[PDB]
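What follows is the content of work_7.txt, which has compact mmCIF, N, CA and C atoms and all ligand atoms:
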# COMPACT_ATOMS: atom_id res chain seq x y z
N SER A 364 323.05 30.98 144.67
CA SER A 364 323.17 31.59 145.98
C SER A 364 324.39 32.50 146.01
N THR A 365 324.17 33.78 146.28
CA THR A 365 325.24 34.75 146.49
C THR A 365 325.36 35.03 147.98
N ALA A 366 326.58 34.89 148.51
CA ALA A 366 326.84 35.17 149.91
C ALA A 366 328.14 35.95 150.04
N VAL A 367 328.21 36.80 151.06
CA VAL A 367 329.34 37.70 151.26
C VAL A 367 329.64 37.81 152.75
N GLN A 368 330.89 37.55 153.12
CA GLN A 368 331.36 37.66 154.49
C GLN A 368 332.48 38.69 154.56
N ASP A 369 332.53 39.43 155.67
CA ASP A 369 333.60 40.39 155.92
C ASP A 369 334.00 40.26 157.39
N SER A 370 335.03 39.46 157.65
CA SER A 370 335.58 39.32 158.99
C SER A 370 336.66 40.37 159.24
N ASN A 371 336.85 40.70 160.51
CA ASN A 371 337.92 41.60 160.91
C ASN A 371 338.28 41.30 162.36
N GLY A 372 339.57 41.06 162.61
CA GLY A 372 340.03 40.68 163.93
C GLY A 372 341.27 41.45 164.33
N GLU A 373 341.62 41.32 165.61
CA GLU A 373 342.79 41.96 166.19
C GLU A 373 343.45 40.99 167.16
N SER A 374 344.75 40.77 166.98
CA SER A 374 345.49 39.81 167.77
C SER A 374 346.42 40.52 168.74
N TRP A 375 346.70 39.86 169.86
CA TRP A 375 347.73 40.28 170.80
C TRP A 375 348.67 39.11 171.05
N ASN A 376 349.88 39.43 171.48
CA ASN A 376 350.91 38.42 171.72
C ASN A 376 352.04 39.02 172.55
N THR A 377 352.34 38.42 173.70
CA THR A 377 353.41 38.89 174.58
C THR A 377 354.42 37.77 174.76
N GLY A 378 355.64 37.99 174.26
CA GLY A 378 356.65 36.95 174.28
C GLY A 378 357.78 37.18 175.26
N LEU A 379 358.46 36.10 175.65
CA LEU A 379 359.58 36.16 176.59
C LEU A 379 360.52 35.00 176.31
N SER A 380 361.76 35.31 175.92
CA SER A 380 362.78 34.31 175.63
C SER A 380 363.98 34.55 176.53
N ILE A 381 364.65 33.46 176.92
CA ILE A 381 365.69 33.51 177.95
C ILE A 381 366.85 32.60 177.55
N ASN A 382 368.07 33.03 177.91
CA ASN A 382 369.30 32.28 177.68
C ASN A 382 369.70 31.61 178.99
N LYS A 383 369.48 30.29 179.07
CA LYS A 383 369.86 29.56 180.28
C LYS A 383 371.35 29.65 180.57
N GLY A 384 372.17 29.91 179.56
CA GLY A 384 373.59 30.12 179.77
C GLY A 384 373.91 31.49 180.32
N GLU A 385 373.59 32.54 179.56
CA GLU A 385 373.76 33.92 180.00
C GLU A 385 372.40 34.45 180.45
N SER A 386 372.00 34.07 181.66
CA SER A 386 370.66 34.39 182.16
C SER A 386 370.61 35.70 182.93
N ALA A 387 371.75 36.24 183.35
CA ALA A 387 371.82 37.57 183.94
C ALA A 387 373.27 38.03 183.90
N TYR A 388 373.47 39.32 184.14
CA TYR A 388 374.80 39.90 184.11
C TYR A 388 375.09 40.57 185.45
N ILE A 389 376.24 40.22 186.03
CA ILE A 389 376.59 40.64 187.38
C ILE A 389 377.31 41.99 187.33
N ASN A 390 377.21 42.73 188.43
CA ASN A 390 377.82 44.05 188.57
C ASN A 390 378.07 44.28 190.05
N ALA A 391 379.34 44.40 190.44
CA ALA A 391 379.68 44.54 191.84
C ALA A 391 379.79 46.01 192.25
N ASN A 392 379.92 46.23 193.56
CA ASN A 392 380.17 47.56 194.11
C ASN A 392 381.15 47.39 195.27
N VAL A 393 382.40 47.76 195.03
CA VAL A 393 383.51 47.32 195.87
C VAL A 393 384.24 48.52 196.46
N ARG A 394 384.92 48.28 197.58
CA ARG A 394 385.75 49.27 198.24
C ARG A 394 387.07 48.62 198.63
N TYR A 395 388.17 49.11 198.07
CA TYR A 395 389.50 48.63 198.41
C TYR A 395 389.96 49.21 199.74
N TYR A 396 390.88 48.51 200.40
CA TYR A 396 391.46 49.05 201.61
C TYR A 396 392.84 48.45 201.84
N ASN A 397 393.70 49.22 202.50
CA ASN A 397 395.07 48.84 202.81
C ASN A 397 395.31 49.05 204.29
N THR A 398 395.91 48.05 204.94
CA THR A 398 396.16 48.10 206.37
C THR A 398 397.64 48.18 206.73
N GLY A 399 398.53 47.83 205.81
CA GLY A 399 399.94 47.71 206.11
C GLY A 399 400.68 49.04 206.14
N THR A 400 401.98 48.96 205.90
CA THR A 400 402.86 50.11 206.02
C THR A 400 403.11 50.84 204.71
N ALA A 401 402.90 50.20 203.58
CA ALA A 401 403.41 50.78 202.35
C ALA A 401 402.28 51.19 201.43
N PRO A 402 402.45 52.27 200.67
CA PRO A 402 401.47 52.62 199.66
C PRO A 402 401.63 51.72 198.45
N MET A 403 400.50 51.32 197.88
CA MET A 403 400.48 50.51 196.67
C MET A 403 399.98 51.35 195.51
N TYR A 404 400.64 51.21 194.37
CA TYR A 404 400.32 51.95 193.18
C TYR A 404 399.83 50.98 192.11
N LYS A 405 398.84 51.41 191.34
CA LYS A 405 398.23 50.60 190.28
C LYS A 405 397.69 49.29 190.87
N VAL A 406 396.69 49.45 191.73
CA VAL A 406 396.14 48.33 192.50
C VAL A 406 395.23 47.49 191.62
N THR A 407 395.44 46.17 191.63
CA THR A 407 394.71 45.25 190.75
C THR A 407 394.40 43.96 191.50
N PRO A 408 393.26 43.90 192.19
CA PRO A 408 392.91 42.69 192.94
C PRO A 408 392.14 41.66 192.12
N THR A 409 392.55 40.40 192.26
CA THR A 409 391.80 39.28 191.71
C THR A 409 390.74 38.83 192.71
N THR A 410 389.57 38.48 192.19
CA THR A 410 388.35 38.41 193.00
C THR A 410 387.66 37.06 192.82
N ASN A 411 387.81 36.19 193.82
CA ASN A 411 387.06 34.94 193.86
C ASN A 411 385.60 35.21 194.20
N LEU A 412 384.69 34.72 193.36
CA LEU A 412 383.25 34.96 193.52
C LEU A 412 382.54 33.64 193.73
N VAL A 413 382.04 33.40 194.94
CA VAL A 413 381.47 32.11 195.32
C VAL A 413 379.97 32.27 195.56
N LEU A 414 379.17 31.40 194.91
CA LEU A 414 377.77 31.30 195.31
C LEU A 414 377.57 30.33 196.47
N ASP A 415 377.52 29.02 196.19
CA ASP A 415 377.20 28.06 197.25
C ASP A 415 378.50 27.52 197.86
N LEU B 262 433.80 22.76 188.20
CA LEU B 262 433.87 23.06 186.77
C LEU B 262 432.52 23.52 186.22
N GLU B 263 431.69 24.14 187.06
CA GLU B 263 430.43 24.67 186.57
C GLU B 263 430.00 25.88 187.38
N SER B 264 429.58 26.93 186.66
CA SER B 264 428.90 28.06 187.28
C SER B 264 427.81 27.59 188.23
N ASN B 265 426.85 26.83 187.71
CA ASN B 265 425.72 26.32 188.48
C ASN B 265 425.82 24.80 188.50
N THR B 266 426.24 24.23 189.63
CA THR B 266 426.40 22.79 189.72
C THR B 266 425.05 22.08 189.63
N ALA B 267 424.07 22.54 190.41
CA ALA B 267 422.77 21.89 190.42
C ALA B 267 422.07 21.98 189.07
N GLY B 268 422.43 22.96 188.24
CA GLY B 268 421.76 23.21 186.99
C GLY B 268 420.68 24.26 187.05
N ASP B 269 420.17 24.59 188.24
CA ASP B 269 419.16 25.62 188.39
C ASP B 269 419.81 26.99 188.18
N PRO B 270 419.00 28.05 188.01
CA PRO B 270 419.57 29.36 187.66
C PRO B 270 420.50 29.94 188.71
N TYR B 271 420.62 29.33 189.89
CA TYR B 271 421.40 29.90 190.98
C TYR B 271 422.73 29.17 191.10
N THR B 272 423.82 29.94 191.19
CA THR B 272 425.15 29.37 191.23
C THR B 272 425.49 28.86 192.62
N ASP B 273 426.59 28.12 192.69
CA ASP B 273 426.92 27.38 193.89
C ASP B 273 427.09 28.31 195.08
N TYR B 274 427.78 29.43 194.88
CA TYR B 274 427.88 30.43 195.93
C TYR B 274 426.49 30.86 196.38
N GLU B 275 425.67 31.29 195.42
CA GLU B 275 424.33 31.76 195.74
C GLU B 275 423.61 30.77 196.64
N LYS B 276 423.57 29.51 196.23
CA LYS B 276 422.89 28.50 197.03
C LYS B 276 423.58 28.34 198.38
N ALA B 277 424.91 28.20 198.38
CA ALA B 277 425.63 27.98 199.62
C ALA B 277 425.46 29.16 200.57
N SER B 278 425.67 30.38 200.06
CA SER B 278 425.57 31.56 200.91
C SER B 278 424.17 31.74 201.48
N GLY B 279 423.15 31.23 200.79
CA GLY B 279 421.79 31.57 201.12
C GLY B 279 421.39 32.96 200.67
N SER B 280 422.16 33.57 199.78
CA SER B 280 421.89 34.91 199.28
C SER B 280 421.19 34.80 197.92
N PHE B 281 419.90 34.50 197.97
CA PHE B 281 418.99 34.56 196.84
C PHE B 281 417.60 34.89 197.38
N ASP B 282 416.57 34.59 196.60
CA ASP B 282 415.19 34.68 197.06
C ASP B 282 415.01 33.84 198.32
N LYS B 283 414.87 34.50 199.47
CA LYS B 283 414.95 33.80 200.75
C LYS B 283 413.76 32.88 200.99
N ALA B 284 412.70 33.00 200.19
CA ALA B 284 411.55 32.12 200.34
C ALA B 284 411.87 30.68 200.00
N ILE B 285 413.02 30.41 199.38
CA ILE B 285 413.37 29.05 198.98
C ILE B 285 413.63 28.20 200.22
N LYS B 286 413.09 26.97 200.21
CA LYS B 286 413.34 26.04 201.29
C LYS B 286 414.84 25.87 201.52
N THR B 287 415.21 25.60 202.77
CA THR B 287 416.60 25.75 203.19
C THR B 287 417.49 24.64 202.65
N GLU B 288 416.95 23.44 202.42
CA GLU B 288 417.78 22.37 201.88
C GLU B 288 418.30 22.70 200.49
N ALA B 289 417.56 23.49 199.72
CA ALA B 289 418.02 23.89 198.40
C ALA B 289 419.23 24.80 198.44
N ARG B 290 419.74 25.13 199.63
CA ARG B 290 421.02 25.81 199.72
C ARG B 290 422.19 24.87 199.46
N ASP B 291 421.95 23.56 199.36
CA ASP B 291 422.98 22.60 198.98
C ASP B 291 423.15 22.60 197.46
N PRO B 292 424.37 22.75 196.96
CA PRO B 292 424.57 22.94 195.52
C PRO B 292 424.21 21.72 194.69
N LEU B 293 423.70 20.67 195.34
CA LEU B 293 423.22 19.49 194.64
C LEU B 293 421.71 19.31 194.72
N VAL B 294 421.04 20.02 195.63
CA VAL B 294 419.58 19.99 195.72
C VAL B 294 419.03 21.10 194.84
N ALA B 295 418.29 20.71 193.80
CA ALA B 295 417.78 21.67 192.84
C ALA B 295 416.73 22.55 193.50
N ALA B 296 417.00 23.85 193.55
CA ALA B 296 415.97 24.82 193.88
C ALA B 296 415.00 24.86 192.71
N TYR B 297 413.85 24.22 192.87
CA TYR B 297 413.07 23.87 191.69
C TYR B 297 411.61 23.68 192.05
N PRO B 298 410.71 24.49 191.50
CA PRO B 298 409.30 24.38 191.87
C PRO B 298 408.63 23.23 191.15
N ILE B 299 407.81 22.50 191.89
CA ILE B 299 407.03 21.40 191.33
C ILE B 299 405.57 21.70 191.59
N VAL B 300 404.86 22.08 190.53
CA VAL B 300 403.52 22.66 190.63
C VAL B 300 402.53 21.75 189.93
N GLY B 301 401.57 21.24 190.69
CA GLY B 301 400.43 20.54 190.14
C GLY B 301 399.16 21.28 190.53
N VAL B 302 398.05 20.99 189.87
CA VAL B 302 396.80 21.68 190.12
C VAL B 302 395.74 20.67 190.52
N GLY B 303 394.95 21.02 191.53
CA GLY B 303 393.93 20.14 192.08
C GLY B 303 392.54 20.62 191.71
N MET B 304 391.68 19.68 191.36
CA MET B 304 390.28 19.96 191.06
C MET B 304 389.46 19.94 192.34
N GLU B 305 388.52 20.87 192.44
CA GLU B 305 387.60 20.83 193.57
C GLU B 305 386.13 20.81 193.17
N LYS B 306 385.75 21.51 192.10
CA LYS B 306 384.36 21.46 191.67
C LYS B 306 384.28 21.73 190.17
N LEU B 307 383.13 21.37 189.59
CA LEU B 307 382.86 21.57 188.18
C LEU B 307 381.44 22.08 188.02
N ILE B 308 381.26 23.08 187.15
CA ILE B 308 379.98 23.75 186.96
C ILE B 308 379.53 23.54 185.52
N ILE B 309 378.35 22.95 185.36
CA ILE B 309 377.78 22.65 184.05
C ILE B 309 376.66 23.67 183.81
N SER B 310 376.94 24.66 182.97
CA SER B 310 375.96 25.69 182.60
C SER B 310 375.43 25.37 181.21
N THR B 311 374.24 24.76 181.16
CA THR B 311 373.61 24.46 179.89
C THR B 311 373.30 25.74 179.14
N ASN B 312 373.67 25.78 177.86
CA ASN B 312 373.35 26.92 177.01
C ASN B 312 372.13 26.58 176.15
CA CA C 1 430.92 25.27 190.74
Would you put the structure from the file into structure tokens?
Ligand SMILES: [Ca+2]
Amino acid sequence: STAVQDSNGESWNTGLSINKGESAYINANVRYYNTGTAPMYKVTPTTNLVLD
Amino acid sequence: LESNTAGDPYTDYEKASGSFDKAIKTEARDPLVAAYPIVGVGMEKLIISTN
């Protein structure tokens, strides 16, 4: 018995991997302001960022 | 017989006169009360970010 097969296929695959540690990257949009009497030079504010 | 009796960086005149960093509490103007910061840190929350 002689037999001959010729299969041909096409695969698809869509993947998604995530870092539970670094799951997104934050980017703020801020506006400084001064209310007092004196001009400040080389302004450097420290910024507490609270979620809950 | 000492520049600074209390031992802190401020001399007896400085403490007595009250002519230093005025934010210092007033009792530290006594040349025997050490003008001396005592700083501890308090915990309020802890964040566990699993990687
Ligand atoms: Ca002295």
Could you give me, as a VMD selection string, the residues within 8 Å of segment 370-387 of chain A, counting only C-alpha atoms and dropping anything in the same chain fewer than 3 positions from it? chain B and resid 310 to 312
If you take only N, CA and C atoms and all ligand atoms and a cut-off of 7 Å, which residues of chain B touch ligand CA 1 (chain C), and what are their nearest atom pairs and distances in Å to one decimal, in chain and number order, as CSV?
residue,atom,partner,partner_atom,distance
B:262,N,C:CA1,CA,4.6
B:263,C,C:CA1,CA,3.5
B:264,N,C:CA1,CA,4.6
B:265,N,C:CA1,CA,5.3
B:266,N,C:CA1,CA,4.9
B:272,C,C:CA1,CA,6.8
B:273,CA,C:CA1,CA,5.5
B:274,N,C:CA1,CA,6.7
How many Å lie between atom N of residue 297 of chain B and atom N of residue 284 of chain B, rounded to one decimal?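 So the answer is 11.5 Å.
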Draw an axis-aligned box over all listed atoms of segment 267-282 of chain B, pad each side with 6 Å, and write its centre and edge lengths in Å, one decimal, as lines of an AutoDock Vina configuration file.
center_x = 421.4
center_y = 28.4
center_z = 194.2
size_x = 24.9
size_y = 25.0
size_z = 26.5
Suppose you want the space between atom CA of residue 268 of chain B and atom N of residue 299 of chain B; what is it in Å? 14.8 Å
What is the atom CA of residue 393 of chain A to atom N of residue 405 of chain A distance in Å?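 Taking atom CA of residue 393 of chain A and atom N of residue 405 of chain A, their separation equals 16.5 Å.
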Shell of 12 Å around residue 408 of chain A, only C-alpha atoms, local chain residues under 6 positions omitted, as a PyMOL selection string: chain A and resi 393-397
Any chance you could build segment 373-390 of chain A out to N, CA, C and O atoms and write it as an mmCIF file, keeping the file's coordinate frame?
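So part.cif came out as:
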data_model
loop_
_atom_site.group_PDB
_atom_site.id
_atom_site.type_symbol
_atom_site.label_atom_id
_atom_site.label_comp_id
_atom_site.auth_asym_id
_atom_site.auth_seq_id
_atom_site.Cartn_x
_atom_site.Cartn_y
_atom_site.Cartn_z
ATOM 1 N N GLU A 373 341.620 41.320 165.610
ATOM 2 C CA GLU A 373 342.790 41.960 166.190
ATOM 3 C C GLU A 373 343.450 40.990 167.160
ATOM 4 O O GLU A 373 342.791 40.450 168.049
ATOM 5 N N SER A 374 344.750 40.770 166.980
ATOM 6 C CA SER A 374 345.490 39.810 167.770
ATOM 7 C C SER A 374 346.420 40.520 168.740
ATOM 8 O O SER A 374 346.863 41.648 168.494
ATOM 9 N N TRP A 375 346.700 39.860 169.860
ATOM 10 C CA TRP A 375 347.730 40.280 170.800
ATOM 11 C C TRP A 375 348.670 39.110 171.050
ATOM 12 O O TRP A 375 348.309 37.943 170.838
ATOM 13 N N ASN A 376 349.880 39.430 171.480
ATOM 14 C CA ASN A 376 350.910 38.420 171.720
ATOM 15 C C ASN A 376 352.040 39.020 172.550
ATOM 16 O O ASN A 376 352.637 40.019 172.151
ATOM 17 N N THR A 377 352.340 38.420 173.700
ATOM 18 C CA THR A 377 353.410 38.890 174.580
ATOM 19 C C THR A 377 354.420 37.770 174.760
ATOM 20 O O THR A 377 354.113 36.728 175.348
ATOM 21 N N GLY A 378 355.640 37.990 174.260
ATOM 22 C CA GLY A 378 356.650 36.950 174.280
ATOM 23 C C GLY A 378 357.780 37.180 175.260
ATOM 24 O O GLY A 378 358.043 38.322 175.666
ATOM 25 N N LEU A 379 358.460 36.100 175.650
ATOM 26 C CA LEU A 379 359.580 36.160 176.590
ATOM 27 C C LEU A 379 360.520 35.000 176.310
ATOM 28 O O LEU A 379 360.127 33.843 176.456
ATOM 29 N N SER A 380 361.760 35.310 175.920
ATOM 30 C CA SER A 380 362.780 34.310 175.630
ATOM 31 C C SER A 380 363.980 34.550 176.530
ATOM 32 O O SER A 380 364.305 35.695 176.867
ATOM 33 N N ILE A 381 364.650 33.460 176.920
ATOM 34 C CA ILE A 381 365.690 33.510 177.950
ATOM 35 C C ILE A 381 366.850 32.600 177.550
ATOM 36 O O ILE A 381 366.664 31.556 176.921
ATOM 37 N N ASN A 382 368.070 33.030 177.910
ATOM 38 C CA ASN A 382 369.300 32.280 177.680
ATOM 39 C C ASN A 382 369.700 31.610 178.990
ATOM 40 O O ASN A 382 370.197 32.265 179.902
ATOM 41 N N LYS A 383 369.480 30.290 179.070
ATOM 42 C CA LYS A 383 369.860 29.560 180.280
ATOM 43 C C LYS A 383 371.350 29.650 180.570
ATOM 44 O O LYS A 383 371.758 29.471 181.727
ATOM 45 N N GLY A 384 372.170 29.910 179.560
ATOM 46 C CA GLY A 384 373.590 30.120 179.770
ATOM 47 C C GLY A 384 373.910 31.490 180.320
ATOM 48 O O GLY A 384 374.457 31.610 181.418
ATOM 49 N N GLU A 385 373.590 32.540 179.560
ATOM 50 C CA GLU A 385 373.760 33.920 180.000
ATOM 51 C C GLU A 385 372.400 34.450 180.450
ATOM 52 O O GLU A 385 371.723 35.196 179.734
ATOM 53 N N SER A 386 372.000 34.070 181.660
ATOM 54 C CA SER A 386 370.660 34.390 182.160
ATOM 55 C C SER A 386 370.610 35.700 182.930
ATOM 56 O O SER A 386 369.509 36.228 183.149
ATOM 57 N N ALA A 387 371.750 36.240 183.350
ATOM 58 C CA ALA A 387 371.820 37.570 183.940
ATOM 59 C C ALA A 387 373.270 38.030 183.900
ATOM 60 O O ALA A 387 374.182 37.237 183.668
ATOM 61 N N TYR A 388 373.470 39.320 184.140
ATOM 62 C CA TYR A 388 374.800 39.900 184.110
ATOM 63 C C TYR A 388 375.090 40.570 185.450
ATOM 64 O O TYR A 388 374.293 41.369 185.944
ATOM 65 N N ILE A 389 376.240 40.220 186.030
ATOM 66 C CA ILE A 389 376.590 40.640 187.380
ATOM 67 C C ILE A 389 377.310 41.990 187.330
ATOM 68 O O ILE A 389 377.915 42.365 186.327
ATOM 69 N N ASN A 390 377.210 42.730 188.430
ATOM 70 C CA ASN A 390 377.820 44.050 188.570
ATOM 71 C C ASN A 390 378.070 44.280 190.050
ATOM 72 O O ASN A 390 377.118 44.325 190.829
#
